[PDB]
Amino acid sequence: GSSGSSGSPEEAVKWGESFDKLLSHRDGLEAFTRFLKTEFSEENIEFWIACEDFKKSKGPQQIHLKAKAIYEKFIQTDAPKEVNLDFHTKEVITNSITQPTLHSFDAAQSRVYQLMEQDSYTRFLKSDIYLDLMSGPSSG
């Protein structure tokens, strides 16, 4: 189907190359998140995203707004989308929530970005959502 075509098996095989590769592409990322959503873990990827976008913020306002939100969202533990972060990273931000910058969150993003790439990614590779992408003529 030239007109309509979604989810290509050619990109999947490549996605495996590296975690980043998968993210780079929308399809790959989306699918990856789905797997987590079912396990109520998406919260992790949710933070990773807000970051990549946070940097694309304009002016101090956007940085402050997004910062406060994302902070009391993932950063903080008493939050719903609270992700697994280092004590310091959580504290430093809590106090530096007023002096946040574009090159500040970057640190936190790295923490999570890895957490997933470690398990999330691997586990995702063996996830139905992923497999389907290729739907190899042989299971196992």
# chains A, B, ... in the order shown; residues from 1 in each chain; ligands from 1
>>> residues_around(residues="residue 104 of chain A", least_positions_apart="5", cutoff="12 Å", atoms="only C-alpha atoms", output="CSV table (one decimal) with N, CA, C and O atoms, in the first residue's frame")
chain,number,residue,atom,x,y,z
A,51,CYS,N,11.2,15.9,28.7
A,51,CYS,CA,12.6,16.5,28.7
A,51,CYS,C,13.0,17.0,27.3
A,51,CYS,O,13.1,18.2,27.1
A,54,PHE,N,11.2,19.9,26.8
A,54,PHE,CA,11.6,20.9,27.7
A,54,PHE,C,12.7,21.8,27.2
A,54,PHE,O,12.6,23.1,27.3
A,55,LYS,N,13.7,21.2,26.6
A,55,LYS,CA,14.8,22.0,26.0
A,55,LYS,C,14.4,22.9,24.9
A,55,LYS,O,14.9,23.9,24.7
A,63,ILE,N,10.3,27.5,30.8
A,63,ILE,CA,11.2,26.7,31.6
A,63,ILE,C,10.7,26.5,33.0
A,63,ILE,O,10.7,25.4,33.5
A,64,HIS,N,10.2,27.6,33.6
A,64,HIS,CA,9.7,27.5,34.9
A,64,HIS,C,8.4,26.7,35.0
A,64,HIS,O,8.3,25.7,35.8
A,67,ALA,N,9.1,23.1,34.1
A,67,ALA,CA,9.9,22.6,35.2
A,67,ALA,C,9.0,22.2,36.4
A,67,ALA,O,9.0,21.0,36.9
A,89,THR,N,19.3,14.0,42.6
A,89,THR,CA,18.6,14.5,41.4
A,89,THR,C,17.2,15.1,41.8
A,89,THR,O,16.8,16.1,41.3
A,92,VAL,N,18.1,18.2,44.6
A,92,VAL,CA,18.7,19.3,43.9
A,92,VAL,C,17.6,20.1,43.1
A,92,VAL,O,17.5,21.3,43.2
A,93,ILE,N,16.8,19.3,42.4
A,93,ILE,CA,15.7,19.9,41.6
A,93,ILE,C,14.7,20.6,42.5
A,93,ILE,O,14.2,21.7,42.2
A,96,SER,N,16.3,23.6,43.5
A,96,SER,CA,16.7,24.4,42.3
A,96,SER,C,15.5,24.5,41.3
A,96,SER,O,15.7,24.8,40.1
A,97,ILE,N,14.3,24.2,41.8
A,97,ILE,CA,13.1,24.3,41.0
A,97,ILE,C,12.8,25.7,40.6
A,97,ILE,O,12.0,26.0,39.7
A,98,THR,N,13.5,26.7,41.2
A,98,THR,CA,13.3,28.1,40.9
A,98,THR,C,14.5,28.6,40.0
A,98,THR,O,14.4,29.7,39.4
A,99,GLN,N,15.6,27.9,40.0
A,99,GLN,CA,16.8,28.3,39.3
A,99,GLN,C,17.1,27.2,38.2
A,99,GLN,O,18.2,27.0,37.8
A,109,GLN,N,17.1,13.5,32.8
A,109,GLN,CA,16.8,12.8,31.6
A,109,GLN,C,17.7,11.6,31.4
A,109,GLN,O,17.3,10.5,31.0
A,110,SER,N,19.0,11.8,31.6
A,110,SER,CA,20.0,10.8,31.5
A,110,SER,C,19.7,9.6,32.4
A,110,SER,O,19.8,8.5,32.0
>>> select_by_dssp(residues="chain A", states="helix (DSSP H, G or I)", output="VMD selection string")
chain A and resid 9 to 15 19 to 24 26 to 38 43 to 54 59 to 75 87 to 98 106 to 125 128 to 134
>>> residues_around(residues="residue 37 of chain A", least_positions_apart="6", cutoff="12 Å", atoms="only C-alpha atoms", output="mmCIF file with N, CA and C atoms, in the first residue's frame")
data_model
loop_
_atom_site.group_PDB
_atom_site.id
_atom_site.type_symbol
_atom_site.label_atom_id
_atom_site.label_comp_id
_atom_site.auth_asym_id
_atom_site.auth_seq_id
_atom_site.Cartn_x
_atom_site.Cartn_y
_atom_site.Cartn_z
ATOM 1 N N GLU A 30 6.517 5.238 20.052
ATOM 2 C CA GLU A 30 5.119 4.984 20.376
ATOM 3 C C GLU A 30 4.918 3.543 20.831
ATOM 4 N N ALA A 31 5.241 2.600 19.951
ATOM 5 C CA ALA A 31 5.097 1.182 20.260
ATOM 6 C C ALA A 31 5.764 0.841 21.590
ATOM 7 N N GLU A 43 4.955 5.744 32.756
ATOM 8 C CA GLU A 43 5.357 6.910 33.532
ATOM 9 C C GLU A 43 6.832 7.234 33.305
ATOM 10 N N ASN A 44 7.652 6.193 33.212
ATOM 11 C CA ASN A 44 9.084 6.364 32.996
ATOM 12 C C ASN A 44 9.351 7.106 31.689
ATOM 13 N N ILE A 45 8.848 6.555 30.590
ATOM 14 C CA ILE A 45 9.030 7.164 29.278
ATOM 15 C C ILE A 45 8.389 8.547 29.220
ATOM 16 N N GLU A 46 7.301 8.720 29.964
ATOM 17 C CA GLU A 46 6.595 9.995 29.997
ATOM 18 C C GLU A 46 7.537 11.130 30.387
ATOM 19 N N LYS A 81 2.987 10.061 38.302
ATOM 20 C CA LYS A 81 3.943 9.610 37.297
ATOM 21 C C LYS A 81 5.355 9.569 37.871
ATOM 22 N N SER A 120 13.582 -1.756 30.450
ATOM 23 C CA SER A 120 12.485 -1.372 29.567
ATOM 24 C C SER A 120 12.778 -1.786 28.127
ATOM 25 N N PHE A 124 11.164 -4.766 26.291
ATOM 26 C CA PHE A 124 10.316 -4.351 25.179
ATOM 27 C C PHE A 124 10.622 -5.168 23.927
ATOM 28 N N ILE A 129 4.020 -6.338 21.259
ATOM 29 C CA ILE A 129 3.930 -5.123 20.459
ATOM 30 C C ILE A 129 5.098 -5.022 19.482
#
>>> residues_around(residues="residue 90 of chain A", least_positions_apart="5", cutoff="8 Å", atoms="only C-alpha atoms", output="PDB file with C-alpha atoms, in the first residue's frame")
ATOM      1  CA  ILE A  75      10.785  14.140  39.777  1.00  0.00           C
ATOM      2  CA  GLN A  76       8.810  14.159  43.026  1.00  0.00           C
ATOM      3  CA  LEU A  85      15.225   8.904  40.236  1.00  0.00           C
TER       4      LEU A  85
END
>>> atom_distance(atom1="atom CA of residue 4 of chain A", atom2="atom CA of residue 127 of chain A")
25.3 Å
>>> atom_distance(atom1="atom CA of residue 6 of chain A", atom2="atom CA of residue 137 of chain A")
19.8 Å
>>> closest_residue(among="A:101, A:139, A:2, A:114", to="residue 57 of chain A", atoms="only C-alpha atoms")
A:101
>>> residues_around(residues="residue 79 of chain A", least_positions_apart="6", cutoff="12 Å", atoms="only C-alpha atoms", output="ChimeraX atom specification")
/A:43,69-73
>>> write_last_selection(atoms="N, CA and C atoms", output="CSV table (one decimal), in the first residue's frame")
chain,number,residue,atom,x,y,z
A,43,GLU,N,5.0,5.7,32.8
A,43,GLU,CA,5.4,6.9,33.5
A,43,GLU,C,6.8,7.2,33.3
A,69,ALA,N,5.8,21.7,36.7
A,69,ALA,CA,4.9,20.6,36.3
A,69,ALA,C,5.7,19.2,36.3
A,70,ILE,N,6.6,19.1,35.4
A,70,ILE,CA,7.4,17.9,35.3
A,70,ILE,C,8.0,17.5,36.6
A,71,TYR,N,8.4,18.5,37.4
A,71,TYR,CA,9.0,18.2,38.7
A,71,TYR,C,8.0,17.5,39.6
A,72,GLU,N,6.9,18.2,39.9
A,72,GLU,CA,5.8,17.7,40.8
A,72,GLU,C,5.1,16.5,40.1
A,73,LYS,N,5.6,16.2,38.9
A,73,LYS,CA,5.0,15.1,38.1
A,73,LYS,C,5.8,13.8,38.3
>>> closest_residue(among="A:82, A:128, A:27, A:117", to="residue 5 of chain A", atoms="only C-alpha atoms")
A:27
>>> atom_distance(atom1="atom CA of residue 7 of chain A", atom2="atom CA of residue 19 of chain A")
17.6 Å
